[PDB]
Structure formats: C-alpha cells, structure tokens
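File shown: input-v7.txt. Contents: compact mmCIF, C-alpha atoms and all ligand atoms.
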# COMPACT_ATOMS: atom_id res chain seq x y z
CA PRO E 7 -3.77 -8.53 0.59
CA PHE E 8 -3.73 -6.09 3.52
CA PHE E 9 -6.77 -4.38 4.93
CA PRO E 10 -6.44 -0.61 5.13
CA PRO E 11 -5.26 0.46 8.60
CA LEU E 12 -7.92 1.37 11.17
CA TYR E 13 -7.45 5.13 10.71
CA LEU E 14 -8.27 4.72 6.96
CA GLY E 15 -11.48 2.83 7.76
CA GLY E 16 -10.09 -0.70 7.56
CA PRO E 17 -11.80 -3.45 9.55
CA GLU E 18 -10.65 -4.39 13.03
CA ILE E 19 -8.87 -7.70 13.09
CA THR E 20 -10.45 -10.88 14.40
CA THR E 21 -9.40 -14.52 14.40
CA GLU E 22 -11.16 -14.78 10.97
CA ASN E 23 -8.56 -12.52 9.26
CA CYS E 24 -5.32 -12.43 11.29
CA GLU E 25 -3.23 -12.38 8.14
CA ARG E 26 -4.80 -9.18 6.74
CA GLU E 27 -3.65 -6.81 9.51
CA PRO E 28 -1.28 -4.14 8.12
CA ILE E 29 1.02 -4.45 11.13
CA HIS E 30 3.75 -2.35 9.49
CA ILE E 31 1.59 0.84 9.48
CA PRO E 32 -0.11 1.15 12.89
CA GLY E 33 0.28 4.95 12.96
CA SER E 34 1.48 4.74 16.55
CA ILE E 35 4.43 3.78 18.75
CA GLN E 36 5.34 2.29 22.09
CA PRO E 37 5.62 4.89 24.89
CA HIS E 38 9.13 3.99 26.14
CA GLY E 39 10.54 6.13 23.31
CA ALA E 40 9.56 8.94 20.97
CA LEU E 41 9.47 9.04 17.19
CA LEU E 42 9.69 11.82 14.60
CA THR E 43 9.53 11.63 10.85
CA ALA E 44 11.31 14.23 8.75
CA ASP E 45 11.53 15.10 5.09
CA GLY E 46 14.70 13.46 3.78
CA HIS E 47 15.74 16.52 1.73
CA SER E 48 14.63 19.55 3.79
CA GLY E 49 14.76 17.97 7.25
CA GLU E 50 11.29 19.41 8.01
CA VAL E 51 9.76 17.53 10.94
CA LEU E 52 6.57 16.13 9.41
CA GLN E 53 5.16 13.82 12.10
CA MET E 54 5.70 13.38 15.82
CA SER E 55 4.53 10.87 18.38
CA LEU E 56 2.19 12.67 20.81
CA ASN E 57 4.66 12.03 23.67
CA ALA E 58 7.57 13.77 21.90
CA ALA E 59 7.80 16.33 24.82
CA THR E 60 8.51 13.60 27.42
CA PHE E 61 11.78 12.96 25.58
CA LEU E 62 12.64 16.16 23.63
CA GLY E 63 11.50 19.06 25.89
CA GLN E 64 10.01 21.07 23.02
CA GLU E 65 6.76 22.89 22.33
CA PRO E 66 4.53 20.48 20.37
CA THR E 67 3.30 23.22 18.03
CA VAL E 68 6.95 24.24 17.70
CA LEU E 69 8.26 20.74 16.98
CA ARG E 70 6.06 20.19 13.88
CA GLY E 71 7.46 22.18 10.94
CA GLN E 72 10.86 22.79 12.58
CA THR E 73 13.87 21.48 10.66
CA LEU E 74 16.40 18.94 11.89
CA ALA E 75 19.03 21.61 11.07
CA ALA E 76 17.52 23.64 13.96
CA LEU E 77 16.54 20.74 16.29
CA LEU E 78 19.67 18.56 15.90
CA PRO E 79 22.40 20.86 14.47
CA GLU E 80 25.26 18.39 15.17
CA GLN E 81 23.52 15.31 13.71
CA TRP E 82 21.78 16.79 10.62
CA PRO E 83 24.96 16.99 8.44
CA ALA E 84 25.88 13.46 9.58
CA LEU E 85 22.37 12.25 8.55
CA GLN E 86 22.63 13.86 5.09
CA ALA E 87 25.91 12.00 4.55
CA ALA E 88 24.93 8.70 6.20
CA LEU E 89 21.36 8.33 4.89
CA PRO E 90 21.21 10.20 1.59
CA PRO E 91 18.17 9.79 -0.67
CA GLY E 92 18.34 6.46 -2.50
CA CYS E 93 20.40 4.70 0.20
CA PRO E 94 19.44 1.17 1.38
CA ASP E 95 16.53 0.89 3.87
CA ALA E 96 18.71 -1.44 5.98
CA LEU E 97 21.20 1.37 6.77
CA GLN E 98 20.99 2.79 10.30
CA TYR E 99 22.49 5.94 11.78
CA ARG E 100 22.96 5.95 15.56
CA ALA E 101 24.07 8.72 17.89
CA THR E 102 23.95 9.61 21.57
CA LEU E 103 22.47 12.98 22.53
CA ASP E 104 23.99 14.37 25.77
CA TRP E 105 21.80 17.51 26.10
CA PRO E 106 18.63 15.99 27.66
CA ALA E 107 18.28 16.71 31.41
CA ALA E 108 17.25 13.30 32.79
CA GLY E 109 19.97 11.35 30.95
CA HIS E 110 21.45 10.73 27.51
CA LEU E 111 19.07 9.83 24.66
CA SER E 112 19.97 7.24 22.06
CA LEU E 113 18.96 8.32 18.51
CA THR E 114 18.38 5.70 15.79
CA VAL E 115 17.56 6.84 12.26
CA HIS E 116 16.67 4.99 9.07
CA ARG E 117 15.34 6.10 5.69
CA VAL E 118 12.23 4.82 3.95
CA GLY E 119 11.83 6.45 0.55
CA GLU E 120 11.82 10.23 1.10
CA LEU E 121 11.26 9.99 4.85
CA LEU E 122 13.77 9.89 7.73
CA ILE E 123 12.42 8.01 10.74
CA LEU E 124 14.02 9.13 14.02
CA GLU E 125 13.66 7.05 17.18
CA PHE E 126 14.62 8.46 20.58
CA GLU E 127 15.09 6.24 23.66
CA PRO E 128 16.72 6.71 27.08
CA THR E 129 20.36 5.60 27.22
CA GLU E 130 21.25 2.78 29.52
CA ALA E 131 24.65 1.15 30.08
CA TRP E 132 24.69 -2.64 29.69
CA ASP E 133 27.38 -5.28 30.31
CA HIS E 138 33.84 -8.70 24.53
CA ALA E 139 30.37 -10.17 25.27
CA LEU E 140 29.39 -10.20 21.57
CA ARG E 141 32.66 -11.86 20.47
CA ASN E 142 32.33 -14.61 23.11
CA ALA E 143 28.64 -15.13 22.28
CA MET E 144 29.42 -15.47 18.55
CA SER E 145 32.21 -17.97 19.34
CA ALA E 146 29.76 -19.97 21.50
CA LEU E 147 27.36 -20.29 18.54
CA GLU E 148 30.16 -21.22 16.12
CA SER E 149 31.47 -23.88 18.51
CA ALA E 150 28.16 -25.81 18.63
CA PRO E 151 28.73 -29.04 16.60
CA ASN E 152 25.12 -29.77 15.59
CA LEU E 153 21.73 -28.05 15.26
CA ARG E 154 20.41 -29.30 18.64
CA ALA E 155 23.49 -28.00 20.48
CA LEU E 156 23.30 -24.74 18.49
CA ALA E 157 19.69 -24.18 19.60
CA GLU E 158 20.61 -24.88 23.24
CA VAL E 159 23.63 -22.56 23.18
CA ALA E 160 21.70 -19.80 21.39
CA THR E 161 18.94 -19.73 24.03
CA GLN E 162 21.43 -19.92 26.94
CA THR E 163 23.65 -17.20 25.48
CA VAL E 164 20.76 -14.84 24.75
CA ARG E 165 19.37 -15.39 28.27
CA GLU E 166 22.81 -14.64 29.78
CA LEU E 167 23.11 -11.42 27.76
CA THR E 168 19.59 -10.16 28.41
CA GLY E 169 18.40 -11.54 31.74
CA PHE E 170 15.02 -12.38 30.14
CA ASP E 171 12.88 -14.77 32.21
CA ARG E 172 12.40 -17.05 29.18
CA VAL E 173 14.32 -17.45 25.91
CA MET E 174 13.05 -19.99 23.37
CA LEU E 175 13.99 -21.24 19.94
CA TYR E 176 10.62 -21.27 18.15
CA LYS E 177 10.91 -23.38 14.98
CA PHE E 178 8.50 -23.24 12.03
CA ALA E 179 7.29 -26.44 10.37
CA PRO E 180 6.45 -26.56 6.62
CA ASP E 181 2.73 -25.97 7.48
CA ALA E 182 3.85 -22.80 9.36
CA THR E 183 2.89 -24.26 12.77
CA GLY E 184 5.51 -23.55 15.41
CA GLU E 185 7.20 -25.52 18.16
CA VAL E 186 9.47 -24.59 21.05
CA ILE E 187 12.52 -26.82 20.42
CA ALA E 188 15.00 -25.29 22.91
CA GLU E 189 14.67 -23.08 25.94
CA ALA E 190 16.59 -21.30 28.68
CA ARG E 191 14.46 -20.01 31.54
CA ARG E 192 14.36 -18.70 35.08
CA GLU E 193 14.49 -21.10 37.99
CA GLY E 194 11.09 -22.67 38.68
CA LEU E 195 9.23 -21.50 35.54
CA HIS E 196 7.31 -24.20 33.71
CA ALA E 197 8.87 -25.46 30.47
CA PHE E 198 7.42 -24.60 27.05
CA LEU E 199 9.66 -27.22 25.39
CA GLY E 200 7.68 -29.36 22.97
CA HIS E 201 4.65 -27.09 22.87
CA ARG E 202 3.22 -26.66 19.39
CA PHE E 203 1.05 -23.82 18.12
CA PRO E 204 -1.18 -23.01 15.14
CA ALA E 205 0.27 -21.07 12.19
CA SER E 206 -2.18 -18.20 12.79
CA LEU E 207 -0.41 -17.18 16.03
CA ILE E 208 2.41 -15.75 13.87
CA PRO E 209 0.44 -15.06 10.70
CA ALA E 210 1.84 -14.97 7.17
CA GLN E 211 2.27 -11.20 6.84
CA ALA E 212 4.11 -11.11 10.19
CA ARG E 213 6.40 -13.94 9.07
CA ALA E 214 7.06 -12.04 5.79
CA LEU E 215 7.87 -8.82 7.65
CA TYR E 216 10.18 -10.81 9.92
CA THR E 217 12.20 -12.01 6.91
CA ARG E 218 13.15 -8.34 6.20
CA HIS E 219 13.09 -6.63 9.62
CA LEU E 220 14.90 -8.97 11.95
CA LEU E 221 14.12 -7.78 15.52
CA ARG E 222 10.87 -6.60 17.12
CA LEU E 223 9.59 -6.22 20.64
CA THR E 224 6.88 -5.15 23.03
CA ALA E 225 8.54 -3.53 26.05
CA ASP E 226 5.33 -3.30 28.11
CA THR E 227 2.36 -5.42 27.11
CA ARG E 228 -0.07 -3.21 29.07
CA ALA E 229 1.19 0.14 27.68
CA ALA E 230 -1.19 1.98 25.36
CA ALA E 231 0.20 2.93 21.95
CA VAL E 232 1.01 6.60 21.35
CA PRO E 233 -0.36 8.04 18.08
CA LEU E 234 1.73 9.78 15.44
CA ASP E 235 0.47 13.28 14.66
CA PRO E 236 -0.49 13.68 11.90
CA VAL E 237 -1.01 9.96 11.43
CA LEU E 238 -0.67 10.18 7.63
CA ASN E 239 2.62 11.24 6.08
CA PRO E 240 2.10 14.78 4.68
CA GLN E 241 4.33 13.85 1.71
CA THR E 242 1.92 11.19 0.48
CA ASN E 243 -1.40 11.42 2.38
CA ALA E 244 -0.61 7.78 3.05
CA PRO E 245 0.51 5.66 5.99
CA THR E 246 4.04 5.95 7.38
CA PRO E 247 6.01 2.72 6.94
CA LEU E 248 7.12 1.62 10.43
CA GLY E 249 8.26 -1.97 9.70
CA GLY E 250 11.87 -0.90 10.34
CA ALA E 251 11.09 1.05 13.53
CA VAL E 252 11.62 -0.90 16.77
CA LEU E 253 9.23 1.58 18.47
CA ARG E 254 6.37 0.58 16.11
CA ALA E 255 3.21 -0.30 18.02
CA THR E 256 2.64 -4.04 18.25
CA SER E 257 -0.49 -5.66 16.82
CA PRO E 258 -3.28 -5.53 19.41
CA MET E 259 -4.03 -9.23 18.70
CA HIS E 260 -0.49 -10.10 19.75
CA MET E 261 -0.53 -7.68 22.74
CA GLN E 262 -3.56 -9.54 24.03
CA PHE E 263 -2.00 -12.96 23.42
CA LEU E 264 1.04 -11.87 25.42
CA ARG E 265 -0.99 -10.52 28.33
CA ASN E 266 -3.02 -13.76 28.48
CA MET E 267 0.26 -15.70 28.55
CA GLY E 268 1.44 -13.68 31.60
CA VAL E 269 4.09 -11.88 29.54
CA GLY E 270 5.01 -8.29 30.43
CA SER E 271 7.75 -7.84 27.81
CA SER E 272 8.46 -9.73 24.59
CA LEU E 273 11.26 -9.65 22.03
CA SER E 274 12.18 -11.84 19.11
CA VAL E 275 14.99 -12.10 16.61
CA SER E 276 14.57 -13.80 13.23
CA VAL E 277 16.50 -16.82 12.04
CA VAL E 278 16.43 -16.53 8.24
CA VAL E 279 17.74 -19.38 6.07
CA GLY E 280 17.54 -19.35 2.25
CA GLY E 281 15.39 -16.20 2.47
CA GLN E 282 12.76 -18.09 4.52
CA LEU E 283 11.84 -17.64 8.18
CA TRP E 284 13.37 -20.73 9.80
CA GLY E 285 12.54 -19.76 13.37
CA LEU E 286 12.70 -17.12 16.07
CA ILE E 287 14.73 -16.52 19.18
CA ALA E 288 11.62 -15.64 21.21
CA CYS E 289 12.00 -13.96 24.60
CA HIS E 290 9.64 -13.15 27.48
CA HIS E 291 9.85 -11.26 30.72
CA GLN E 292 7.05 -11.49 33.29
CA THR E 293 7.22 -7.72 33.94
CA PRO E 294 7.75 -4.84 31.54
CA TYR E 295 11.40 -4.64 30.53
CA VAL E 296 13.14 -2.20 28.20
CA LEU E 297 16.31 -3.49 26.52
CA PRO E 298 18.59 -0.60 25.43
CA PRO E 299 19.65 -0.06 21.78
CA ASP E 300 23.25 -1.36 22.08
CA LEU E 301 22.01 -4.65 23.57
CA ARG E 302 19.45 -4.92 20.76
CA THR E 303 22.30 -4.38 18.27
CA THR E 304 24.18 -7.26 19.93
CA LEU E 305 21.08 -9.45 19.59
CA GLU E 306 20.72 -8.49 15.90
CA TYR E 307 24.34 -9.50 15.25
CA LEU E 308 23.71 -12.82 17.05
CA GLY E 309 20.56 -13.45 15.00
CA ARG E 310 22.59 -12.98 11.81
CA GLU E 311 25.27 -15.34 13.18
CA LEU E 312 22.65 -17.90 14.22
CA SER E 313 21.10 -17.68 10.74
CA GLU E 314 24.51 -18.16 9.10
CA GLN E 315 25.32 -21.07 11.46
CA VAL E 316 21.99 -22.83 10.84
CA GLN E 317 22.56 -22.36 7.07
CA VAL E 318 26.17 -23.66 7.17
CA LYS E 319 25.14 -26.66 9.32
CA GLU E 320 22.07 -27.58 7.22
CA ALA E 321 24.20 -27.31 4.04
CA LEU E 322 26.90 -29.65 5.43
CA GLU E 323 24.28 -32.28 6.47
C1 LIG E 401 -5.64 -13.65 14.82
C2 LIG E 401 -4.27 -13.10 15.13
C3 LIG E 401 -3.46 -13.50 16.12
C4 LIG E 401 -2.05 -13.11 16.30
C5 LIG E 401 -1.30 -12.44 15.41
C6 LIG E 401 0.09 -11.91 15.51
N1 LIG E 401 1.13 -12.42 16.15
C7 LIG E 401 2.22 -11.68 16.00
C8 LIG E 401 3.58 -11.85 16.54
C9 LIG E 401 4.14 -12.98 17.33
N2 LIG E 401 3.47 -14.03 17.84
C10 LIG E 401 4.32 -14.82 18.51
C11 LIG E 401 3.84 -16.10 19.13
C12 LIG E 401 4.34 -16.75 20.18
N3 LIG E 401 5.21 -16.30 21.10
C13 LIG E 401 5.41 -17.27 22.00
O1 LIG E 401 6.14 -17.19 22.98
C14 LIG E 401 4.62 -18.47 21.62
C15 LIG E 401 4.56 -19.76 22.32
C16 LIG E 401 5.30 -20.08 23.38
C17 LIG E 401 3.97 -18.13 20.50
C18 LIG E 401 3.02 -18.96 19.69
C19 LIG E 401 5.60 -14.30 18.42
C20 LIG E 401 6.90 -14.86 19.00
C21 LIG E 401 5.48 -13.11 17.69
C22 LIG E 401 6.67 -12.21 17.35
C23 LIG E 401 6.66 -10.90 18.17
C24 LIG E 401 7.34 -11.09 19.51
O2 LIG E 401 8.40 -11.75 19.55
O3 LIG E 401 6.83 -10.59 20.55
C25 LIG E 401 1.90 -10.63 15.24
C26 LIG E 401 2.76 -9.47 14.81
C27 LIG E 401 3.18 -8.64 16.05
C28 LIG E 401 3.90 -7.38 15.64
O4 LIG E 401 5.10 -7.47 15.26
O5 LIG E 401 3.30 -6.28 15.70
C29 LIG E 401 0.50 -10.79 14.91
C30 LIG E 401 -0.29 -9.83 14.07
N4 LIG E 401 -1.60 -13.74 17.41
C31 LIG E 401 -2.50 -14.63 17.87
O6 LIG E 401 -2.33 -15.32 18.87
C32 LIG E 401 -3.73 -14.68 17.01
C33 LIG E 401 -4.97 -14.46 17.90

In structure tokens, how does this file's structure come out?
Ligand SMILES: *C/C=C1/C(=C/c2[nH]c(/C=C3[NH+]=C(/C=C4\NC(=O)C(C=C)=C4C)C(C)=C\3CCC(=O)O)c(CCC(=O)O)c2C)NC(=O)[C@H]1C
Amino acid sequence: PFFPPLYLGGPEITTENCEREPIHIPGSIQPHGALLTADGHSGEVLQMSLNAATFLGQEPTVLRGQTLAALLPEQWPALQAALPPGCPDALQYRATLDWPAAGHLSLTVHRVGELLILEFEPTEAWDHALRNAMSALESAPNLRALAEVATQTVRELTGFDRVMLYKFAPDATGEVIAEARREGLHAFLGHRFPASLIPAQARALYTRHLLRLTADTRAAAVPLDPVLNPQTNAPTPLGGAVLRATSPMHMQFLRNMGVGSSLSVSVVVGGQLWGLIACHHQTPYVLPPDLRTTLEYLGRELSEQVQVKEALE
C-alpha cells in the first residue's frame, strides 16, 4: 500500500520502496502549463498551481475563491453540461481560449469526484494524419511488423529522437523490442531492464490513465496552493492530469539517460499492461494537446490490434 505523500509526512522514496510512492498525488505540476481545481457544483476555484499568473494574467489572491462563472463565462455552462457530477472520470472537455495575449491557451478539463481539474497549456499548431496512421497499424500482418510500424508512425508524427516499443515480460521486466530513432543514435533494441524501473503502482496507474509525459526533465515541479483539496483535507487526485509532476525517481533516471523529454502511451490487452510506446527527446520538448490526443487514439488502436492479433494466433 502507498506511503502518504511527502507533504503529509510520508517517507521519501528510495530503491528499497519504489512501489510505495503515491505518484498520482504529488501536489504539484510541470511548469509548461498551469492547473486549477474547482468545486464541481459551485465552480469555486479551490486550488491553483503557483505559476497560474504566467498563463492566466490574474491576481493570485484574486484567483483563489473566484468562480469559473466569473473567470471563464463562456466555458462554465459547457462544463456543467459536459462534466456533470457523477459523470465518468474518463470524460474530457477541451476548449481553446483566444483571450490570452501571448497566444491561444488550450483548456483540458476532467472530473474526479466533486472536483473539476482544469489544465491550461499554450496552443501550438501541428501537422488526415491520424486516419493514415491508424490504417498503417491495421495493415501490419503480424506482431513484429505491428511493433515496427507503430514506432515508425509515432516517430513520424512527433519528431521524437527515439520511439520504442517497451514490452513487459511475465516477471514485469521490460525489453525494447522495436525502435525508430534519429540518425546516428545508438540502438536500445534488445536491452532488458528490471521490473522496479516501472514499478507496480506505476504499471497499475498506466492501465487506467493511458498517456503521461515529462516535457522537461530538469524543470522543477510547481506546487498546488493549497496542496490539500479544501473539500476533503486530502490529496488532489492527479492521475488523470497530463500536467501532474513526474516521480522524482523517474526524473533522475531520465536525466541520467540523457533524456530531456519523455512520453509514453500504454498498450493495454485484457486489462493488463502489455507494453508502452516509450518516447525520448534529448532536449526538452512540449507536445501540444491535439497531438497528444492523436497519440492516445493510436495507443487505443495499437492495443486493439495487439489484442485482435494475439486472439487470432
Ligand atoms: C526506485 C524507483 C525507480 C523508478 C520508478 C518509476 N518509474 C516510472 C516511470 C517510467 N519508467 C520508465 C522506464 C524506462 N524508460 C525507458 O526508456 C527505459 C529503457 C530504455 C526504461 C526502463 C518509463 C518508460 C516510465 C513511464 C513514464 C515515461 O514514459 O516517461 C515511474 C512513474 C513516473 C510517473 O508517471 O510519474 C516511477 C515511480 N524508476 C527507476 O529507475 C527506479 C530507480
């Protein structure tokens, strides 16, 4: 079972207890976006990432306690309709806000219990691609070809320096079984790794929340304020928030591997984590929301295609 998070006096994680880190409730986010939580009935803004002004242009003391009716008058009625209390946690509301001065902000919202979790990120245009990518996966005649096509297709869509298919064995060790990578980079094909490098609670989370990333492996996490949800005096669930701060153990692993940006998408087969599409860039690199949506759709397709193929064998 999970340790309490650090801000509730839980132990700091070492290689003796990798699996006990409550990675879903870090109480902090990555600084390339901003996050608010709001009461799912009143729309009262309950928590804000400390960088909320970088993205929203508001007075911090003014942000907290303001309602979404006042802050986002156009979107609030849409949110009430799209994410009513009792709706599935998997539902997402997305909108583009045109009012920010630097450029458009992309808003992603999901509900966890009585909380709306609002994620704000800069908009960025990105180059039919999804349909062709899906067809490429479907056209692969066997699992080996499917792995090859998946890595190639994801690399083409993203421009990541390295895209791997990381496959789990029954003992939860992992192996890179397919790869597409930048010219002149060493291969990771055939490399095998202990189960602890993607520990059991991470693998469980990844069976439910299918994409996660670290946009900048040297960027300090930005606290939520207050860190505890005022509704509960308990941690805010961030497992479904792409902006969730990454485990420091994993941040360090990535930096030691020469990785500046990391992203993976789950391959889930029979409710089990079959593997990951695991991506690296050597520098920081922020993929925009619409491209992440494309990758999520491809992960679901890859999962379905692995499942169909393994069934027919
Ligand atoms: C003692 C704890 C440690 C630890 C825990 C840990 N690891 C993750 C997440 C990931 N680890 C990954 C591992 C690899 N990526 C690679 O490219 C390779 C080999 C080529 C390996 C072995 C991967 C892919 C992930 C998924 C996240 C991502 O794609 O970037 C977590 C959870 C991270 C999070 O979601 O917050 C944790 C807690 N890692 C260790 O190495 C040991 C020391």

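Here atom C21 of ligand LIG 401 (chain E) and CA of residue 111 (chain E) stand 27.6 Å from one another.
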
Could you work out an axis-aligned box for ligand LIG 401 (chain E), taking every atom the file lists and adding 4 Å on each side, and report centre and edge lengths in Å to one decimal, as AutoDock Vina command-line options?
--center_x 1.4 --center_y -13.2 --center_z 18.7 --size_x 22.0 --size_y 21.8 --size_z 17.3

Distance filter 6 Å around ligand LIG 401 (chain E), atoms: only C-alpha atoms and all ligand atoms, out as a ChimeraX atom specification: /E:20-21,24,29,203,206-209,212,223-224,256-257,259-260,263,272-274,288

What's around residue 268 (chain E) at 10 Å? Count all atoms listed in the file, leave out sequence neighbours fewer than 4 positions away in its own chain, and write the answer as a ChimeraX atom specification. /E:227,262-264,290-293

6 Å contact set for residue 54 (chain E), all atoms listed in the file, chain neighbours under 5 positions out, as a compact mmCIF listing (two decimals) with C-alpha atoms, in the frame of the given file:
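Written out: out-v9.txt:
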# COMPACT_ATOMS: atom_id res chain seq x y z
CA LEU E 41 9.47 9.04 17.19
CA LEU E 42 9.69 11.82 14.60
CA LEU E 234 1.73 9.78 15.44
CA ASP E 235 0.47 13.28 14.66

Need to verify the contact set: region 157-159 of chain E, 12 Å, all atoms listed in the file, exclusion of same-chain residues closer than 3 positions in sequence. Can you return it as an NGL selection string? :E and (142-154 or 162-166 or 173-177 or 186-191 or 199 or 277 or 285-288 or 308-309 or 312-313 or 315-316 or 319)

Hey, can you check how far CA of residue 108 (chain E) sits from CA of residue 248 (chain E)? 27.2 Å

In terms of the shortest atom-to-atom distance over all atoms listed in the file, which of E:100, E:110, E:201, E:30 is closest to residue 82 (chain E)?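 Of E:100, E:110, E:201, E:30, the one nearest residue 82 (chain E), counting all atoms listed in the file, is E:100.
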
Could you check the closest approach to residue 116 (chain E) for each of E:161, E:81, E:72, E:43 and tell me which residue wins, using all atoms listed in the file?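 The closest residue to residue 116 (chain E) is E:43.
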
Quick one: distance from CA of residue 249 (chain E) to CA of residue 218 (chain E) in Å, one decimal? 8.8 Å

Please write as a ChimeraX atom specification the list of polymer residues whose atoms come within 7 Å of (-0.1, -24.2, 8.6), counting all atoms listed in the file and keeping to the coordinates of the file. /E:181-183,204-205

Would you mind telling me which residue in E:125, E:323, E:120, E:45 lies nearest to residue 95 (chain E) when using only C-alpha atoms?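 Looking at the shortest contact to residue 95 (chain E), the residue is E:120.
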
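In terms of minimum interatomic distance to residue 48 (chain E), E:73 ranks closest within E:112, E:282, E:73, E:102, counting only C-alpha atoms.
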
If you take only C-alpha atoms and a cut-off of 12 Å, which residues of region 98-139 of chain E touch region 236-244 of chain E, and what are their nearest atom pairs and distances in Å to one decimal, in chain and number order, as a Markdown table?
| residue | atom | partner | partner_atom | distance |
| --- | --- | --- | --- | --- |
| E:118 | CA | E:239 | CA | 11.8 |
| E:119 | CA | E:241 | CA | 10.6 |
| E:120 | CA | E:241 | CA | 8.3 |
| E:121 | CA | E:241 | CA | 8.5 |
| E:122 | CA | E:239 | CA | 11.4 |
| E:123 | CA | E:239 | CA | 11.3 |

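In this comparison, which uses all atoms listed in the file, the residue of E:70, E:213, E:117, E:222 approaching residue 56 (chain E) most closely is E:70.
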
All residues 9 Å or closer to residue 211 (chain E), all atoms listed in the file, same chain fewer than 6 positions away omitted, as a PyMOL selection string: chain E and resi 8+24-29

Residues near residue 220 (chain E), cut-off 9 Å, all atoms listed in the file, skip fewer than 5 positions along chain, as a PyMOL selection string: chain E and resi 215+250+274-278+306+309-310

Would you mind exporting the chosen residues as a CSV table (one decimal), in the coordinates of the input, restricted to C-alpha atoms?
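Heads up, here's the output in out26.csv:
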chain,number,residue,atom,x,y,z
E,215,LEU,CA,7.9,-8.8,7.6
E,250,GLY,CA,11.9,-0.9,10.3
E,274,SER,CA,12.2,-11.8,19.1
E,275,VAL,CA,15.0,-12.1,16.6
E,276,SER,CA,14.6,-13.8,13.2
E,277,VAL,CA,16.5,-16.8,12.0
E,278,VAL,CA,16.4,-16.5,8.2
E,306,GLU,CA,20.7,-8.5,15.9
E,309,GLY,CA,20.6,-13.4,15.0
E,310,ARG,CA,22.6,-13.0,11.8

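Minimum distance to residue 33 (chain E) across E:233, E:90, E:258, E:128 (counting all atoms listed in the file) occurs at E:233.
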